[PDB]
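What follows is one structure encoded as structure tokens, with my remarks underneath.
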Amino acid sequence: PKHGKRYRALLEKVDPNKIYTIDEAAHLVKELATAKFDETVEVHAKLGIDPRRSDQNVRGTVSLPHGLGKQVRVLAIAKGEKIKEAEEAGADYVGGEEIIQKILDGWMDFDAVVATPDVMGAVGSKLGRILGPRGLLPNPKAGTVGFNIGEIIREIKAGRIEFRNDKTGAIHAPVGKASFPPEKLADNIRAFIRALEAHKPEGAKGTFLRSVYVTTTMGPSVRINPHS
Amino acid sequence: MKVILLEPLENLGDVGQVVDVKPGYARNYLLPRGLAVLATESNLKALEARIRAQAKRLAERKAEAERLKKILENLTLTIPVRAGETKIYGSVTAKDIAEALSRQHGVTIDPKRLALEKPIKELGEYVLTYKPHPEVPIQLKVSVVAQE
Amino acid sequence: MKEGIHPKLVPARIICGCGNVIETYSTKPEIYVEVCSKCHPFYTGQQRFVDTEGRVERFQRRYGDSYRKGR
RNA sequence: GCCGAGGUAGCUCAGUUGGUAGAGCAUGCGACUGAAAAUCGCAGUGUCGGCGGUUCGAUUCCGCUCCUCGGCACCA
RNA sequence: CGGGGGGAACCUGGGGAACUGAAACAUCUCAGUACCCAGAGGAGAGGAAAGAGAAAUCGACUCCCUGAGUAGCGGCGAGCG
RNA sequence: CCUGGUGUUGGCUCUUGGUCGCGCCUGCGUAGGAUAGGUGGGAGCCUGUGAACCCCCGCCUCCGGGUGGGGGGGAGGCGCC
RNA sequence: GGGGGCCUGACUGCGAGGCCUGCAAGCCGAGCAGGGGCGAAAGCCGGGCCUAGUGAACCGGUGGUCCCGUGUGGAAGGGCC
């Protein structure tokens, strides 16, 4: 009855016997882990879906209020105008048919894609057979293709988060900065609640919202009630 | 199957309970025999009847007990011993107390119980714990002395 | 009659037969069994007082025996 | 119609990350075979019924499509 | 103490059939009829509402006319109703 | 006629399968210190071995090695990169 | 009939009025409305160069609709396209 993770402090801090709720959560997560470099909690969880028919291979987003500036980056792909708008709005990687070229050669740094319909085809094809499914060809159905590249990269930097159920039905993302106001954590929490609830593919057949976990990067872990 | 038990506590462990021994099972297989019966207001009550009954019985003994324990534990118990100024030529057996208090003074309590390992006969007087009813003990002051 | 019930009759009729389903799941009837039949229970025994029987009928039975059992 | 099942090179069997394919038997060349068969060595040798598809990448994963087999219920 | 045994037709229940029709004929149909039985009567039967019906009413049961041959019942067909 | 369920048709008992709840435990294509099951957070963790040096042991197999420990201990290691 | 362009009427609502019919069928169509498309536009397009590629009624499915629901609100079931 004695294991191996000094973290045992924080460990005792947590008592997974209850799935409790969103807010109480924000609170105790914060209280829970400010190790080397104050917490950067995260929520992770899974839904009653299935891989086979991609009608459930969801992903997307929902800004969920509160500032930002770093994570799985992106490429703004279009023309001068977009260079300006999307670049300044919130775009680490900035190019279009140009950056596409570069890539074809060897340069590139963007899993996430935001190609506007002014080099949309340019990127989609020129790079189609370049980015491949590593999750990079801007495909019109993943906050990846459209008019306001400025807007998507924009929030990407301004206060973003995204969806992407991994291998067997789980997603990972932030909903309430470190020590940051408990209530705030509650807010982004529920916000994602919905975003998700929405993305929910019509192919579900039972208890959809499954394992609802809020936990921290390196810290405790326990489920919460996307409800009260 | 409200199998009300007479001789049962599982196996022949009498009047311990009532359990479910399915239809015939219970029926002609275990109780026809005659080790119990089945519910009925007649039975359920019956139980209640003798149960209540024992309740009154026990409470009761508790009571006669109390009357004598009080009267006695209060009163002093004196007795005439025969000898020197220590053990007497004879001995003081708690029973001895028994006939002694019993008819010499009034109230009879069975020999058997009481607290007396070796007869005591060291002469003089002792007061000890002689249990009279279950968890209601009677301790008393028996002064005994050479009747000279 | 020498085969009723004891505690209330059961020696009785019956007209039966059938067809085929599908019904409110793709089809109409399917009918063609004008047939007729029987329909009944069981028999068991215990004791008046050191000699007896039972006879009777299943259920009503269990009840009964319990009853005259009361006496 | 439903469900379970079989289908890849002349014959027949083999995989659940898929992400790399044959294998045993007949066919071509070569030792042994002084004949033969058989023996060994090799080669040749292929869509995993069809299609797309999830899927980097799956032929064994998804959904629907052919010919076959077994056993139910369809046309009143 | 009582039964039992009868009785043209009517009564209650008990079991309960082909024709013929549907120009065949298997659901359907003659029908719960013909017909065998038990039993009560002088009539049995039913008979004082877990009824009706939808307005805020009715008010035991039986028999007649009306209720529609409409509501409706079905190889929705012969028909039955 | 044979035939699952089921009612009378009751006691004791050896046992083995599926499925979930949970703790454990597993993850070997070639370059890859290195047997990466994914997808996350994401530059540190720990000192209850005071330690990664070594000891044998409990274990798991595609040599290697992964894992849980008893111990022996004396600012050190690994993550980072 | 042979070639090229662009395009969907190989449209709903409907049709006066006739060929042939004993029933039912089946076949002919200017013309009015919306409504598009052909061409600049005069006018053509309600499938094909035509006469054969066909089946009542039932019963049941489905996509509508959003009329019926059995005291009423719903619903099963449900009426018409």
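Chains as they are written, first to last, in full-length UniProt numbering: chain P, 2 to 229; chain G, 1 to 148; chain A, 1 to 71. We put the CB at the ideal spot given by N, CA and C, even for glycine.
Cβ neighbours of residue i in the same chain (closer than 8 Å, five flanking residues each side left out)
i: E184 (chain P); result: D24, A27
i: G19 (chain A); result: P29, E30, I31, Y32, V33
i: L12 (chain P); result: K6, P221
i: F148 (chain P); result: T117, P118
i: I5 (chain A); result: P11, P41, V56, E57, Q60
i: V136 (chain G); result: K62, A65, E66, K69
i: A187 (chain P); result: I23, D24, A26, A27, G177
Nonlocal neighbours in the same chain, by C-beta distance under 6 Å from residue i, ignoring five residues either side
i: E203 (chain P); result: none
i: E7 (chain G); result: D14, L35
i: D93 (chain P); result: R74
i: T145 (chain P); result: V114, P139
i: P17 (chain P); result: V223
i: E53 (chain A); result: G45
Candidates the options: closest to residue i by CA position
i: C16 (chain A); options: A:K38, A:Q47, A:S26; result: A:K38
i: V81 (chain G); options: G:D96, G:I138, G:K69; result: G:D96
i: residue 152 (chain G); options: G:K62, G:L101, G:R27; result: With chain G covering 1 to 148 only, the question about residue 152 (chain G) has no answer from this structure.
i: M109 (chain P); options: P:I100, P:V124, P:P182; result: P:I100
i: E99 (chain G); options: G:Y89, G:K112, G:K87, G:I88; result: G:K112
i: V213 (chain P); options: P:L29, P:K14, P:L48; result: P:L48
i: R50 (chain G); options: G:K70, G:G16, G:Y29, G:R33; result: G:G16
i: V19 (chain G); options: G:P32, G:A83, G:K2; result: G:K2
i: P32 (chain G); options: G:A63, G:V145, G:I4; result: G:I4
i: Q46 (chain A); options: G:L38, G:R27, G:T40, G:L44; result: G:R27
i: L140 (chain G); options: G:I109, G:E73, G:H105; result: G:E73
i: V145 (chain G); options: G:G124, G:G84, G:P132; result: G:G124
i: residue 1 (chain P); options: P:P52, P:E198, P:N18, P:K31; result: The structure shown has nothing for residue 1 (chain P), since chain P only spans 2 to 229.
i: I14 (chain A); options: A:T24, A:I22, A:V35; result: A:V35
i: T40 (chain G); options: A:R68, A:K8, A:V21; result: A:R68
i: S143 (chain G); options: G:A94, G:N11, G:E60, G:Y89; result: G:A94
i: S180 (chain P); options: P:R54, P:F38, P:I20; result: P:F38
i: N43 (chain G); options: A:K8, A:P7, A:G70; result: A:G70
i: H105 (chain G); options: G:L12, G:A46, G:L75, G:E148; result: G:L75
i: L38 (chain G); options: A:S66, A:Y43, A:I22; result: A:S66
i: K87 (chain G); options: G:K45, G:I138, G:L47, G:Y126; result: G:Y126
i: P227 (chain P); options: P:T218, P:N189, P:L33, P:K206; result: P:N189
i: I154 (chain P); options: P:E89, P:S229, P:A36, P:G68; result: P:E89
Residues near residue i by beta carbon distance below 7 Å, same chain, minus five either side
i: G129 (chain P); result: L138
i: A115 (chain G); result: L128, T129, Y130
i: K80 (chain P); result: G97, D119, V120
i: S64 (chain P); result: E156, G160, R161
i: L30 (chain G); result: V21
Coarse secondary structure for residue i, derived from DSSP in three states
i: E53 (chain A); result: strand
i: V19 (chain G); result: strand
i: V213 (chain P); result: strand
i: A171 (chain P); result: strand
i: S55 (chain P); result: helix
i: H40 (chain A); result: coil
i: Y126 (chain G); result: strand
i: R155 (chain P); result: helix
i: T24 (chain A); result: helix
i: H4 (chain P); result: coil
i: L12 (chain G); result: coil
i: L6 (chain G); result: coil
i: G220 (chain P); result: coil
i: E163 (chain P); result: strand
Cβ-heavy atom distance, residue i to the ligand FMN, below 8 Å
i: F164 (chain P); result: For the structure depicted, the ligand FMN is absent and the ligand set is empty, with no information on it obtainable.
Counting pairs of Cβ atoms below 8 Å between the stretch 71–90 of chain P and the stretch 11–26 of chain G, do you hit three or more?
no
Quick one: any contact between the stretch 50–66 of chain G and the stretch 114–121 of chain G, if contact means 3 or more CB pairs under 8 Å?
no
Under 8 Å: do the stretch 95–111 of chain P and the stretch 56–72 of chain P share three or more Cβ pairs, one atom per stretch?
no
Are the stretch 42–53 of chain P and the stretch 169–177 of chain P touching by the rule of at least three beta carbon pairs closer than 8 Å?
yes
Quick one: which unbroken beta strand (DSSP E) runs of 3-plus residues sit fully inside the stretch 85–143 of chain P? Chain order, please.
94–97, 113–116
Mind pulling the beta strand (DSSP E) runs of 3 or more residues that sit fully within the stretch 39–113 of chain G?
77–81
Which ranges does the alpha helix (DSSP H) cover as unbroken runs of at least 4 residues, wholly within the stretch 20–52 of chain P, from first to last along the chain?
23–33
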